[PDB]
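Structure first, commentary second.
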Ligand SMILES: CCCCNC(=O)[C@@H](NC(=O)[C@H](C)C[C@H](O)[C@@H]1CSC/C=C/CSC[C@H](NC(=O)OC(C)(C)C)C(=O)N[C@@H](C)C(=O)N1)C(C)C
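In this note's numbering, the protein residues as written are 59 to 435.
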C-alpha cells in the first residue's frame, strides 16, 4: 500500500524536502520538512514574515501543554518554543493517527526560509539527540509504538522545483533499480555510518580513513550539501580543481559563495570528476561504494542576470562537525533507514541523475581490511 505514498514529498532546490501533515482537532494542515539529522518534531506556532500559516494550539481540543520550554540549535538556524502533545496524521502516508510530542515554535533565528513552503520540521533521528533531552520521544518512535507500522522508512529524493517520496514503514521496490547495499548504523543518535575509503575519478585520496569520519559521518536529508571535515575538504577540492584545471573558476566558487555559468547546454560535465564514497558493509572485511556525479555536487541556481545560461553552485562545503551526506548525495539514490536492523541501505534511484558517458552507482562487494579502525573515538 506504499503506492499512495509515492511522490508525497515536494520542495524547492536547496530549500529542503517537505511532507504534508495535520495536527490537532479539527486537523490543521501544515508542510513539514523531513530531516534525518535531528530528532525534534516542531512547527511554527506564531506569526512570522515567512510563514503563510502556523499551528494554533487554542483551536485544538486534543492539544496538551507540557509546560516546558525548549531550544534547538542546528548547523544553520535555531528556534525555541513550548513543549506539548497532540494528535498527528500524514495524509499521504500510513492511514493512522498518533499522539506525539510537538514543539510550538515561538521564536526563531534564520530557521524559516522565505518561500520554502514549509512551516515545521520532522526530526527522524533518535531520542539520544532530542532536545531538551532523550526523554522527549521522537515522532517516529511514537508512530511505531502506537501503531503496527514497521520500524523503518525510506527516502527517494529527486532533484530538478523538486519532489520525491518518503515511504513510511517499508521499501517500495518500484522506486529503485539493481541491488540494495547496506551499511551498519554505528550508533543510534544521528544516522551515523562509517566511510572506509574515498576516490576521485578512481584515484584514492590516500588518507587515514579516520579522517573521513572525524568526528563522525551522518546521513542528513535536512542538509543540502556534502559536508566534509577540513582536511578531507581540502584534499577533495585540490583534486577536483586539478581535474578541471582546463577551465578557471573564481576562488569564491570553491567556497560556495560565487557561482559559475555556461551557455545553456554547454556545461563541461566531463571536466568534473566522479566521487566514490566507500561504506562499511554487512560482512567481515566487506564494503561497497556509491558514486556521485558532478551533476549532483554542482547544484543548479537561477541566473542572477537576465541571461538564459546554466549557472551552478559548488555543493561541497567544509565542516567542523564531521562528514555530512546531505540531500545532494541522497538525490539519485533510494535510501532505506532500516531502524529495525540497525542499517542504512542504498540503491540507484529510479529518478537517478543522467550523464552522457557516466552514471551514478552503488557497487559491491569490495574487500576492505581493518574497517573498524576507520571509526573515530
Ligand atoms: C550548532 C549545531 C548544534 C548541534 N545540533 C544538531 O546537530 C541538530 N541537527 C543538525 O543540525 C543537523 C545535522 C542539520 C539539520 O539537518 C539542519 C535542518 S535546518 C532546516 C532545513 C532547511 C532546508 S535548507 C537546508 C540548508 N541548505 C543550505 O544551507 O544550502 C546552502 C549551503 C547552499 C545555503 C542546509 O544545508 N542546512 C543545514 C546546514 C542544516 O543545518 N540543516 C540537532 C541534532 C539538535
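Even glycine gets a Cβ: it sits at the ideal position worked out from N, Cα and C.
Are there 16 or more other CB atoms within 10 angstroms of the CB of residue i, so buried, or fewer, so exposed?
i	result
residue 288	exposed
residue 123	exposed
residue 331	buried
residue 281	buried
residue 341	exposed
residue 397	buried
residue 384	buried
With respect to the alpha helix (DSSP H) encompassing residue i, which residues constitute its N-terminal and C-terminal limits?
i	result
residue 203	197-204
residue 385	385-388
residue 242	No alpha helix (DSSP H) holds residue 242; the beta strand (DSSP E) holding it covers 234-242.
residue 352	352-355
Any chance the CB of residue i is under 6 Å from a heavy atom of ligand 1?
i	result
residue 134	yes
residue 381	no
residue 73	yes
residue 280	yes
residue 93	yes
residue 131	yes
residue 96	yes
residue 187	yes
Can you give me the C-alpha to C-alpha distance between residue i and residue j, rounded to a whole angstrom?
i	j	result
residue 296	residue 199	42 Å
residue 262	residue 301	14 Å
residue 424	residue 406	17 Å
residue 258	residue 372	16 Å
residue 412	residue 211	26 Å
residue 185	residue 100	14 Å
residue 336	residue 432	11 Å
Where do the ends of the beta strand (DSSP E) carrying residue i lie?
i	result
residue 392	391-396
residue 287	284-287
residue 336	333-338
residue 79	75-81
residue 422	419-425
residue 62	Premise fails: residue 62 is in no beta strand (DSSP E) and is neither H nor E.
If you measure from the beta carbon of residue i to each beta carbon in chain B, is any gap under 7 Å?
i	result
residue 393	Looking for chain B here will not work: only one protein chain is present.
Which of helix, strand or coil does DSSP assign to residue i?
i	result
residue 116	helix
residue 99	strand
residue 360	coil
residue 402	strand
residue 165	strand
residue 252	coil
residue 224	strand
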